[PDB]
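# Chains, contacts and geometry: an overview
Residues per chain are reported as follows:
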Amino acid sequence: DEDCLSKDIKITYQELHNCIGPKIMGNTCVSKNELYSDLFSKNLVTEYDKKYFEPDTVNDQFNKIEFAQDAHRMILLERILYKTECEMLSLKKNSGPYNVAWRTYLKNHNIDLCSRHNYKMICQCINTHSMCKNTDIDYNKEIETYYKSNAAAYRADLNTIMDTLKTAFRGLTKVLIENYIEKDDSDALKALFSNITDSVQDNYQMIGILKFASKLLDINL
Ligand SMILES: *[C@@H]1O[C@H](CO)[C@@H](O[C@@H]2O[C@H](CO)[C@@H](O)[C@H](O)[C@H]2NC(C)=O)[C@H](O)[C@H]1NC(C)=O
Ligand SMILES: [Cl-]
Ligand SMILES: [Cl-]
């Protein structure tokens, strides 16, 4: 698994799936100077990169990634953010202010499916933080029946879920999501959601949200 900083200038959006925060992040948040010495000693950054390791707020790092016009720059800034910003580590778990952020944003303006069908697993996952393991399983295809009869609620709920995911995974993940959403690339979106799933297996509710998101993409209208 070659390092995202090792590879070439021409990078596909598909290869960038290896470089997203959830995947490169571990269980630690080192200082930026320690990450710089670490990557430098691996011949992955140079002194010309040192400016990218200076302190900055997390929102400004988000914007520097999400407006980046160079792929190597986007990869490096994502790596720095998710290796050095301690709050991001909460994404591998259930609790933390960063999880309550997207969690309350999602429950707040809920999805229309849950108004008339509060008993569906996705609705229990969103509202009561429970039953998140089975959110993609549609027993007797009741969820799919609902959406193809209420396309307004389908587009509203799909947009709400996409916005939830883009809020939870600022940076490269959000760039990729917006890219595929504009290209109408549902296969790529399901592949990205699958890749994220592999990296956040201990984020119960977020696993539920990703499963449900992939299910919604199967519902093709
Ligand atoms: C992320 O997930 C995607 C899809 O699950 C992976 O891409 C697939 O890899 C298999 C490996 O045999 C291929 O047969 C498929 O053609 C690939 N694409 C799809 C759409 O299934 C990918 O390997 C995962 N990891 C990344 C991108 O780092
Ligand atoms: Cl469960
Ligand atoms: Cl879990």
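Residues numbered from 1 in each chain as written, not as in the entry; some residues may be left out. Chains lettered and ligands numbered in written order. Heavy atoms only, no water.

The deposited coordinates for this entry were obtained by X-ray crystallography, with a reported resolution of 2.0920 Å.

Near ligand 1, the surroundings consist of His 17, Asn 18, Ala 191, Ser 194 and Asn 195. At 2.8 Å, a side-chain N or O of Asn 18 approaches an oxygen atom of ligand 1. In the model, an oxygen atom of ligand 1 is placed 2.4 Å from a nitrogen or oxygen of the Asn 195 side chain. Computed on the free molecule, ligand 1 has an accessible area of 560 Å², of which 35% lies beneath the protein chains in the complex. (Near = heavy atom within 4 Å. Polar contact = N/O pair within 3.5 Å; in protein donor to acceptor, adjacent residues only side chain to side chain. Areas by Shrake-Rupley, 256 points an atom, 1.4 Å probe, with all protein chains shown as cover.)

It is worth spelling out the packing of helix α5 (residues 97-108) against helix α9 (residues 151-168) at this point. At their nearest, the axes of α5 and α9 sit 9 Å apart, and the two run at 165° to each other. In this view, α5 runs roughly antiparallel relative to α9, as classed from their interaxial angle. The way α5 lies across α9 gives a crossing that is right-handed. Of α9, the residues touching α5 (which contributes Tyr 98, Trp 102, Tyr 105 and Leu 106) are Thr 160, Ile 161, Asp 163, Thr 164, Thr 167 and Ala 168. Partitioning the contact of α5 with α9 into residue classes produces six nonpolar, three polar and one charged. (Axes fitted to C-alpha atoms, helices over the stretch in contact; angles between N-to-C directions. Helix = DSSP H or I, 4+ residues; strand = E, 2+ residues; numbered from the N terminus. Parallel < 35°, antiparallel > 145°, perpendicular 65-115°, else oblique. Left-handed = near helix turned anticlockwise from the far one by under 90°. Contact = heavy atoms within 4.5 Å. Nonpolar A, V, L, I, M, F, W, Y, C, P; charged D, E, K, R; others polar.)

In terms of nonpolar packing, the biggest core is built from 69 residues, with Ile 111, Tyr 147, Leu 165 and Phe 193 touching the most fellow members. Take this core: its biggest share by element is eight residues, from helix α12 (residues 204-218). Once residues within four sequence positions are removed from consideration, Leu 165 is found in contact with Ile 177, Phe 193, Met 206, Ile 209, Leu 210 and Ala 213. (Core = buried A, V, L, I, M, F, W, Y, C linked by side-chain atoms within 4.5 Å. Buried < 20%, exposed > 50% of the residue type's maximum accessible area, 1.4 Å probe, protein only.)

The next thing to look at is the packing of aromatic side chains. One pass over the structure, following the stated rule, counts five aromatic pairs. Considering the side-chain rings of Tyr 147 and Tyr 154, the 5.6 Å spacing of their centres and the 70° angle between planes classify their relative orientation as edge-to-face. Across the pair, exposure class does not vary: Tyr 147 and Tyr 154 are buried alike. Here the aromatic residues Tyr 36, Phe 40 and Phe 53 are joined through ring pairs into a cluster of three or more. (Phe/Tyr/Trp six-rings, centres within 6.5 Å; stacked < 30°, edge-to-face > 60°.)

This paragraph deals with the packing of α9 against helix α10 (residues 172-183). Direction vectors running N to C along α9 and α10 enclose 155°, while the axes themselves pass 8 Å from each other. Relative to α10, the element α9 is oriented roughly antiparallel. In contact with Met 162, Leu 165 and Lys 166 of α9, α10 contributes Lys 174, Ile 177, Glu 178 and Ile 181. The class makeup of the residues in the contact of α9 with α10 is four nonpolar, no polar and three charged.

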